[PDB]
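K.L.:
So the sequence lines, in the order shown, correspond to chains R and W. Quick note, in this note's numbering, the first sequence goes up one by one and the last residue is 305. Quick note, in this note's numbering, the second sequence goes up one by one and the last residue is 326.
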Amino acid sequence: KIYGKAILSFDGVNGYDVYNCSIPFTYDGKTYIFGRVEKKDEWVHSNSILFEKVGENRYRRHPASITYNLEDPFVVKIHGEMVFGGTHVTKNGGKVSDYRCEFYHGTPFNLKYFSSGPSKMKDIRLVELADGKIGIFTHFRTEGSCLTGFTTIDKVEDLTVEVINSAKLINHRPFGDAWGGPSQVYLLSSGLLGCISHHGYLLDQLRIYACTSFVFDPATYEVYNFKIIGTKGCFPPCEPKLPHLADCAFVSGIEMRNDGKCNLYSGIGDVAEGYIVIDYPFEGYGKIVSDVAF
Amino acid sequence: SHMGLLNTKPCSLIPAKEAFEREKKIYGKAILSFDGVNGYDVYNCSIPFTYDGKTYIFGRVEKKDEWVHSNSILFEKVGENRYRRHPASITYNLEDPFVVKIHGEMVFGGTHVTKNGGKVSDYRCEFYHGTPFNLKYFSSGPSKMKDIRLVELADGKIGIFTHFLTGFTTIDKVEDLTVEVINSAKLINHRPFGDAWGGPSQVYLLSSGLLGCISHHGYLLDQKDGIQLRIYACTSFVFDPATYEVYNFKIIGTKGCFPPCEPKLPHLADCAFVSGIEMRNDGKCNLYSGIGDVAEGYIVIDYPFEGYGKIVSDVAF
Ligand SMILES: OC[C@H]1O[C@@H](O)[C@@H](O)[C@@H](O)[C@@H]1O
Ligand SMILES: OC[C@H]1O[C@H](O)[C@@H](O)[C@@H](O)[C@@H]1O
Ligand SMILES: OC[C@H]1O[C@H](O)[C@@H](O)[C@@H](O)[C@@H]1O
Ligand SMILES: OC[C@H]1O[C@H](O)[C@@H](O)[C@@H](O)[C@@H]1O
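In structure tokens form, the structure reads like this:
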């Protein structure tokens, strides 16, 4: 059941493609989003840019903000401030040789770099837990595997490679043979975590990247209610960056609506950002109590 | 040792630095003003360059009371001694930006710092290429190597200076710049530099086919009453890419030559971290330097490669 859909327009980036966004967030009575900005015919040449919402389905580069030399930007609120992250790619003579999540904290126009995750780990996401501890999802996929970890820290400055690498494995069984992990994590009223996730399947081969969700219990490390909630075909049509990404959606996360439905934001085809209007995916596990109101 | 127990191995550069401060000829000086960065400090700039009929500089932008919180921003020249952040340009999450022209395009670099729980854990040079408003990231140097600089040689090859000790090697094409190439560079004749650390900021091709290097050389100065100073002087030398020989090594600038400015911390009271030179119509040069990790100035000096040829490289993009 899809109740609506749109592709976002992004002004102020010279017609470049904008995709794999953060969720939208608010600051000083405006709405913002971070976008991954890249030329359609260029690969691994992304920057992350802060955009201000200026109209229905329309954002414009905010000229005051610095830009970040990162792919796949994401935001969360921890202890009353923004934590911003993205992938920082290292190349060796034009070839990708490493990639690591970089983390910034502060206010949206005043972000300060404070840590990187481990070498070759992309899928790190944070959330504030009901008791005020910080939850960390990790993704182990450097050794052929594709496993999700979870750990906690007290303070964002404690986010270290050692903490991330030591995260206890979650019950990954429900995910089947999917690679990926959360894009956005929500605290629910139950104290459980609602995860909006990206899972890729190779289907004997078709490359599928699907919008998924699951509920996680920080007390037991159990995963519940794993499901698909979006595919690229749900969004308005758009030619993918190359034909091999014709069924690739890289989820951004959800935004609750007054009516109790939500906007599911996703990168699509590595060329655009859209949303589909869907039913609340964590129905029966509590309402979202986290926000990104800065 | 002339410092006795204060330092039993005084850097051999100390007499050169004091002698330069007695004998220097300075024809003018200024501190640059930067608009559009919310009062933040701007320092350790690239040299100025031209593009599309305007003048630009990259600056390292950091709050005076913040440490290891830099971004590199493209500034457009507004007036004499005055630049403003260019709003169209992206920013780079780098320290100590530097530019050079290779094979008709800009090569842009800076230091990318990695932290682990707020503490510096790694740093490496990142390199971009293209046009000034359209730079594309293509390589990083080795872990913990800051002092890598490029130049286009007389024969069209690319010269690479490395800092382990200063090294030199060549490649054909900028996409060949790899950790493996950088780490395999042969050592240069270190005799004149001695036990002073640092390396080139900016390299120029001269009409002689030699390289003019504008360099940063430093040492630690223990003071009887004061704290330990991190001394950085502006230096120059001429390099022969065929023999790895160094000629005409000298001091060409020190912090005290520039207009006064309170350093970021007291230990940087004699720190001038050079950016490089810009030729003037009158045959003198503007020597641009970061000063005190708080500002960018220039001093007007004699051409430091006098007698080794005219600069034939450019940064006219
Ligand atoms: O702090 C003094 C100088 O030290 C050097 O090693 C570099 O880190 C420069 O960026 C700095 O200006
Ligand atoms: O992170 C480096 C590189 O890795 C993968 O190939 C994809 O996620 C690309 O979008 C990205 O540019
Ligand atoms: O598909 C359309 C979409 O493509 C790119 O992502 C950008 O140029 C957007 O501004 C535009 O709306
Ligand atoms: O005052 C010295 C210098 O300090 C900082 O680098 C900036 O505020 C500059 O604009 C200023 O000129």
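Where a beta carbon is used, it is the ideal one built from N, C-alpha and C, also for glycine.
Which residues mark the beginning and the end of the alpha helix (DSSP H) in which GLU32/W is found?
P.N.:
That run of the alpha helix (DSSP H) goes 22–32.
K.L.:
Between the region 73–99 of chain W and chain R, which residues of the former have a C-beta closer than 7 Å to a C-beta of the latter?
P.N.:
Cβ contacts with chain R: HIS78, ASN80, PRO96, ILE99.
K.L.:
Please decide whether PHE85/R counts as near chain W, where near means a Cβ-Cβ distance under 8 Å.
P.N.:
It does not; no Cβ of chain W falls within 8 Å.
K.L.:
Please confirm whether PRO193/R and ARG136/R have their CB atoms less than 8 Å apart.
P.N.:
Taking 8 Å as the Cβ cut-off, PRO193/R and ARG136/R qualify as a contacting pair.
K.L.:
Please list, in chain order, all residues of the same chain as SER301/R whose beta carbon is under 7 Å from its beta carbon, the five residues on each side excluded.
P.N.:
Correct list, in chain order: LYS88, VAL138, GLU139, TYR197, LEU198.
K.L.:
8 Å is my cut-off, CB to CB: does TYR146/W come that close to chain R?
P.N.:
At least one chain R Cβ lies under 8 Å of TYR146/W.
K.L.:
Which value, in whole angstroms, describes the spacing of the CA atoms of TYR79/R and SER277/R?
P.N.:
Computed Cα separation, rounded: 20 Å.
K.L.:
CB-CB under 7 Å to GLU113/R, same chain, minus the five flanking residues each way: which ones, in chain order?
P.N.:
Counting only Cβ-Cβ distances below 7 Å, and skipping sequence neighbours, we find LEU81, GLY96, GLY97, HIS99, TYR124, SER127.
K.L.:
Leaving out the 5 sequence neighbours to the left and right, which residues in its chain are closer than 7 Å to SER200/R when beta-carbon positions are compared?
P.N.:
Correct list, in chain order: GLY297, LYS298, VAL300.
K.L.:
Anything with a beta carbon under 7 Å from a heavy atom of ligand 3 counts; list them all in chain order.
P.N.:
This selection yields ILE18/R, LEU19/R, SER20/R, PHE21/R, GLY26/R, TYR27/R, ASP28/R, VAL29/R, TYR30/R, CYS249/R, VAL282/R, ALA283/R, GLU284/R.
K.L.:
Kindly indicate which residue of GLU315/W, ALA242/W, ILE300/W, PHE282/W has the alpha-carbon position closest to the one of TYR256/W.
P.N.:
Ranking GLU315/W, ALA242/W, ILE300/W, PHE282/W by Cα distance to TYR256/W puts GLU315/W first.
K.L.:
Give me the Cα-Cα distance between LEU204/R and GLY187/R, rounded to the nearest whole angstrom.
P.N.:
Distance between the alpha carbons of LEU204/R and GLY187/R is about 20 Å.
K.L.:
So with CB distances below 8 Å, who are the chain R contacts of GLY127/W?
P.N.:
In chain order: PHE125, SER126, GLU168.
K.L.:
Measuring CB to CB, does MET93/R end up less than 8 Å from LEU61/R?
P.N.:
No, these two residues do not count as a Cβ contact at 8 Å.
K.L.:
Is any non-hydrogen atom of ligand 2 found closer than 7 Å to the C-beta of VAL309/W, if you look at the structure I gave you?
P.N.:
Checking every heavy atom of ligand 2 against the Cβ of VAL309/W, none is found closer than 7 Å.
K.L.:
May I ask whether a heavy atom of ligand 1 can be found less than 7 Å away from the beta carbon of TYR296/R?
P.N.:
Result no, Cβ not under 7 Å from ligand 1.
K.L.:
Use the C-beta contact count for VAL48/R: other C-beta atoms within 10 angstroms, 16 or more gives buried, fewer gives exposed.
P.N.:
Buried is the call here.
K.L.:
Pull up the distance between the alpha-carbon of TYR220/R and that of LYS64/R, whole angstroms please.
P.N.:
Distance between the alpha carbons of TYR220/R and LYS64/R: 27 Å.
K.L.:
Taking the alpha carbon of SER98/W as the point to measure from, which residue in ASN68/R, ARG72/R, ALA230/R has its own alpha carbon closest?
P.N.:
Residue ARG72/R is the option with its Cα nearest to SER98/W.
K.L.:
Does the beta carbon of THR178/W come closer than 8 Å to any beta carbon on chain R?
P.N.:
Not an interface residue.
K.L.:
Any Cβ of chain R within less than 8 Å of the Cβ of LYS155/W?
P.N.:
For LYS155/W, the answer is no, since every Cβ of chain R falls outside 8 Å of its Cβ.
K.L.:
Which residues in chain W sit within 7 Å of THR101/R, going by Cβ to Cβ distance?
P.N.:
Residues of chain W passing the Cβ test: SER149.
K.L.:
If you check the beta carbons only, do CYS32/R and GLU284/R fall under 8 Å apart?
P.N.:
Result yes, Cβ atoms of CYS32/R and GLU284/R sit closer than 8 Å.
K.L.:
How many Å lie between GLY48/W and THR37/R at the Cα?
P.N.:
C-alpha separation (whole angstroms): 26 Å.
K.L.:
Any idea what DSSP makes of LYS243/R, helix, strand or coil?
P.N.:
In the structure shown, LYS243/R sits in a helix (DSSP, three-state: H, G or I).
K.L.:
Of all the options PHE177/W, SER152/W, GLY165/W, which has the alpha carbon lying nearest to the alpha carbon of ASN103/R?
P.N.:
When only C-alpha atoms are compared, the closest one is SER152/W.
K.L.:
Quick one: complete alpha helix (DSSP H) runs, 4+ long, within the region 100–175 of chain R?
P.N.:
Runs found: none.
K.L.:
Thinking C-alpha only, which one of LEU256/R, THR153/R, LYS179/R is nearest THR163/R?
P.N.:
Closest option to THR163/R, Cα to Cα, is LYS179/R.
K.L.:
Do you know offhand how far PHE267/W's Cα is from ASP279/W's?
P.N.:
Spanning the two alpha carbons is a distance of roughly 11 Å.
K.L.:
Please list the partners that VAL303/W has in chain R, where partner means a Cβ-to-Cβ separation under 7 Å.
P.N.:
By Cβ distance, chain R contributes nothing, its closest Cβ being about 19 Å from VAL303/W, past 7 Å.
K.L.:
Identify the residues that DSSP records as bridge partners of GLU85/W: which are they?
P.N.:
Note: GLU85/W sits in a beta bridge opposite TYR65/W, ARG93/W.
K.L.:
Is the beta carbon of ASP302/W sitting closer than 8 Å to the one on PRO272/W?
P.N.:
Taking 8 Å as the Cβ cut-off, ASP302/W and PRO272/W qualify as a contacting pair.
K.L.:
Just to confirm, are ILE35/W and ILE310/W a CB contact at a threshold of 8 Å?
P.N.:
Yes, these two residues count as a Cβ contact at 8 Å.
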